[PDB]
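Asks: Below is one structure. I have some questions about it.
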Amino acid sequence: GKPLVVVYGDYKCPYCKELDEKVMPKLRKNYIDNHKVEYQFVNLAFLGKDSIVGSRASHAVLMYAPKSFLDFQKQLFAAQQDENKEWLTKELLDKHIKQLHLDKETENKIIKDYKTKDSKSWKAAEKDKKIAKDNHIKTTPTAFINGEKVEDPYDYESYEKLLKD
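One rule links them: number in the authors' numbering = place in the sequence shown (from 1) + 13.
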């Protein structure tokens, strides 16, 4: 199939925020939105008890409003606070979900799903930690394209390099 681009991180991670700001705008325009590659964000949810909550909301958005996922991700990283603070509250997350301006029922569906134990977004958030562990991911942020490490995950051109061939 098409190249699979995987980025490992956490919404509370400062460097992950940098990758998003520096890489995503171009990666999205030239490879993701035009469906040239499959993009996957694996959240290690390792910077606090609120990390996993943010991950659940993120996964809920992805599964119910995929065309709004990248905006959600960008907007969430943009609101990043001190990593020692549990800033990923349900209040802030609900606020961010509503900022997507989806139809009312889709919005309600996402909000209820990420808050429901063992829902699909709940399981997805948990699975992300297992994925990172099984793939032996030590540092974040790190990116891979079809399993090949992106030399400089902060530089769009480094991704393009792997994607050319």
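Using N, Cα and C, we set each Cβ at its ideal position, and we do this for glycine too.
According to the Cβ coordinates, are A70 and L17 closer than 8 Å?
Replies: Residue 70 sits at position 57 when you count from the first residue of the sequence shown. Residue 17 sits at position 4 when you count from the first residue of the sequence shown. Going by C-beta atoms, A70 is not nearer than 8 Å to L17.
Asks: With burial defined as no fewer than 16 other Cβ atoms inside 10 Å of the residue's Cβ, what is the status of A91: buried or exposed?
Replies: Taking the sequence shown and counting its residues from 1, one reaches residue 91 at position 78. The residue in question, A91, is exposed, as its Cβ has fewer than 16 Cβ neighbours within 10 Å.
Asks: For the alpha helix (DSSP H) that contains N121, what are its first and last residues?
Replies: Start at 1 with the first residue of the sequence shown, and residue 121 comes out as number 108. Element bounds for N121: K117 to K128.
Asks: Assuming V74 is part of the alpha helix (DSSP H), what are its boundary residues?
Replies: Position 61 of the sequence shown, counted from the start, is the residue given in the question as residue 74. Counting along the chain, the alpha helix (DSSP H) containing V74 begins and ends at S64 to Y77.
Asks: Determine the direct distance from the alpha carbon of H109 to that of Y169, and round the result to whole angstroms.
Replies: Position 156 of the sequence shown holds residue 169. Position 96 of the sequence shown holds residue 109. When rounded, the distance between both Cα atoms is 26 Å.
Asks: Could you check if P27 is buried or exposed, using at least 16 other CB atoms within 10 Å of its CB as the buried criterion?
Replies: Within the sequence shown, the letter at position 14 stands for residue 27. Exposed.
Asks: Starting from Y28, trace the alpha helix (DSSP H) in both directions and tell me its first and last residue.
Replies: As a position in the sequence shown, residue 28 is number 15, starting the count at 1. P27 to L40 is the span of the alpha helix (DSSP H), which, as asked, contains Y28.
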